[PDB]
Structures are given as C-alpha cells and as structure tokens.
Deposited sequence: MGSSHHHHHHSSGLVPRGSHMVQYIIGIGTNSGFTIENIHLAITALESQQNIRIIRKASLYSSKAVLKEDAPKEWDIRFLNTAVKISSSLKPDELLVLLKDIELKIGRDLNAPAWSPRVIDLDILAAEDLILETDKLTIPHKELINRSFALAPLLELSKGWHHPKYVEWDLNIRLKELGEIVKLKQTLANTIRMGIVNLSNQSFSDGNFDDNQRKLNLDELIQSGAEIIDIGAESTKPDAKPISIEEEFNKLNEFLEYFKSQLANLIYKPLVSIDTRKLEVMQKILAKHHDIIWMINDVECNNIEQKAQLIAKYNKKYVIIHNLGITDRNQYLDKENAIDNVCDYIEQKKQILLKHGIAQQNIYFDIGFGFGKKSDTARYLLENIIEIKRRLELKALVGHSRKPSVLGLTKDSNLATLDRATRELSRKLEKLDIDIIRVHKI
C-alpha cells in the first residue's frame, strides 16, 4: 500500500462544504483510508485574468492510504470532482467547485503526460506545500533531496492558516442585527462589520444572522427584511475580501422574510434557522424548493418527530434537517443536555446546540456577567466538540 497526499482547493460556492464532501467521497472508498487531514489555509487566487476570478481560495490536503495505482487514483479523483460539480474543463483556472491534485506519493517520481508526481507546481505554491509539510513534516521532494522545504516555504511568503477546521463539530458565530448590538456613531455603522471580521478570524465556520431581538419582551416584515438584506448585500460586496467565506444561516421566524431573502440571496445561503413552528407546511415547501438545511427547534422527542414528519411530508431530505433541544426556551436543561447523544439517535437527525450565554444550560446563577458567561460557554463548547455535536451556536469562539 502507498500513502498519498491529495491537495484540495476550492474558490466558489460553499467552500468548506465542498472540501468536506470531497474528503467524505475519498473515505467512502473501500480501497482508501484517511490517515490525517491538514489545517485550513487561505490564499489570494493565483491566476494566469478577468477581475471577477480573484475570490480567495480555501486549500488543505489529506494523507490517505490506498492500494490504488497512481493512474487509477487520478481517475477516481476526476470522478469525485464531477459528482461535486466541476465544470467541462472550463477556462484556464477560473472559479472552481473542487480541485483534487495528487501532491506526493511518499518518494515516488512519476513523470508522464497524464500524471506527474510530485505535482509539478508543488514547490512553487505555498497553498500546496504548507498543508503537505503539515501532514508530512520530514518530507523531501525526491528530485531536490538537498532542498530544505521549510526554508523553501519561507521564500514563498505569508499564507494564512485559518482557525476554521475540518472537525466534525462546527461553530456557528452569532451575528445579531437587532437593537441589542447597537453602538453606531455619527459616520459609521461598523459594529456588525467588525463583529463578522472577528467571528471569521477567530474560526467560525458558519454565521447565523438574525434581525429580530433576543430579549423576551416586534418588528415588521420589510423591516426585518431590510436589515438582513443590507448585510447580505454588504457580505456579497466582501465575498472576495473574506480570508474565509463562511456558510450563512438565516435565523428568522417569518415565512415572508424567508421567501423574500431566499429569492434574492439563496445562492449564498446554506440554512434556515426558524425559531417558531408557525406555517411549518408552507415553510417546508419553500425550503424543499431551495434545498436548504432547516433546523427544528423545541420552542422533546415526540414534538420534534411530529415536525419532522411534516417536512418529509413536504419534500426535504432527512439529511437536510437538524433538531435543536432549544435551550433557553422553557436542571431540566442539563439532563436533556447530558442526553443529547441519545436524542440524536432516536430522532435520526443531526444536532444543533445553542448554549451560548444561557446561564441554566451552563449551570451558573442568572447573575453572571459577560466574561463569566463567555468562559463558561467556551469551556462547555469543548465538551460538545469532543462529543461531536454537529453545530454549536455561540456568541464568541
């Protein structure tokens, strides 16, 4: 058996999902095993050039084991590139859903027309060389056995290693547009813009944008629509400026807001986080049409099962549905908590936990201040991370 390092890149669509589905595709093979995944890296797109093609790349690399021949492996990867949505050998390096390259086969040297290994550009690209050295820290290029590649990596110059990861548990950074987060001054509503930046640098894989206030004791449709829409437009104005383009969750309770925002921005939206049951039938219809993830909140087992039925009854895939215990919505928390793993199994849906700053789930007195809320969220976020909760929804990372 031969160990391969496969380079993965993408700069279009839901980037981290495209990487996850590629990895998942390789692991699905019975003649391949994943040994290790590398970190996530961010880099300016390397072109060779219409302005619109420069949208940052997400790169990593995975070390696999396999008894596949190098030419056989390439066939599989090309197949994997197509299932995901890679175009008909489109123009010379335009936006790509996925790109899977064989970087290295230990010490193999394969120089042919179809395949050359190591990849011919491996040592000129930090977005390829950096993830590889991460997985194989003692690796030398078989035709430059002298070259210290760590120094070579230095000549290639800064490449940003992201705190986003390929873990099983992903963080949902909260982005609140309501009054609660209002600080804006004479010539700048930058508050929400810097908040996103910080969610992103700090490692959030998903952002959850909600316009309606959190505090128990409304706002109108076009009003809530106007807040979400202005930010979503701002977000599109930055797509190419983000070191990392996060998956976006629209958190709304109104069918008419969903309808409106999805008609406009469905292309950049991943999931709908609906806090109330409301028009479930109609909501399922819309989300079925736009093929989005949707989240079922307990606003437990049977209540959620009931709702799941309608959704399936309306045309969405079970895999597109998460349930959420619904912490903060009515001790009793800590036992559902301690048993989320059990619930997930019965239900047959992935789990979403939003324990952020809810003093009960955490087990602190209601009195607790901001830092005390934060540190407790953070420490409990680690418990869930090791318990592989699928999404954890938090104010700070």
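By the record, the deposited chain contains unmodelled runs at 1-20, 69-70, 240-241, 324-341, 373-375, with no C-alpha atoms placed there.
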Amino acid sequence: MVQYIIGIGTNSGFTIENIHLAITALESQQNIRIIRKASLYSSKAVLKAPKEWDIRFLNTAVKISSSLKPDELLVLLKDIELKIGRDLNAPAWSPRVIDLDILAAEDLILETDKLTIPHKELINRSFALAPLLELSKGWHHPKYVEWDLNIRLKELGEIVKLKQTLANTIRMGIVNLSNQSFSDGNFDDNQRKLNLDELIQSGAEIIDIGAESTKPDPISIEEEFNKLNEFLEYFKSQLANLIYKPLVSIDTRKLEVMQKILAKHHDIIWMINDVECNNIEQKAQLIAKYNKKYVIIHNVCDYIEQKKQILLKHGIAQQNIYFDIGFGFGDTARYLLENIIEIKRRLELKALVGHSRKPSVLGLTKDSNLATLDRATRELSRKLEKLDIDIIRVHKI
From here on, numbers count along this sequence of modelled residues.
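In this entry, 69-77 has the higher mean Cα B-factor, the comparison being between 123-131 and 69-77. Comparing 191-199 with 161-169, the stretch with the higher mean C-alpha B-factor in the PDB entry is 191-199. The PDB entry assigns the greatest CA B-factor among 259, 136, 299, 241 to 299. Highest C-alpha temperature factor among 306, 229, 273, 116 per the entry: 306.
In this PDB entry, the Cα temperature factor of residue 380 sits in the middle third of its chain's modelled residues.
When the modelled residues of the chain are ordered by their C-alpha B factor, residue 45 lands in the middle third.
Among the modelled residues of its chain, residue 368 has a C-alpha B-factor that falls in the highest third according to the deposited record. Residue 277 sits in the highest third of its chain by CA B factor, as recorded in the PDB entry. For residue 312, the recorded CA temperature factor ranks within the highest third of the chain's modelled residues.
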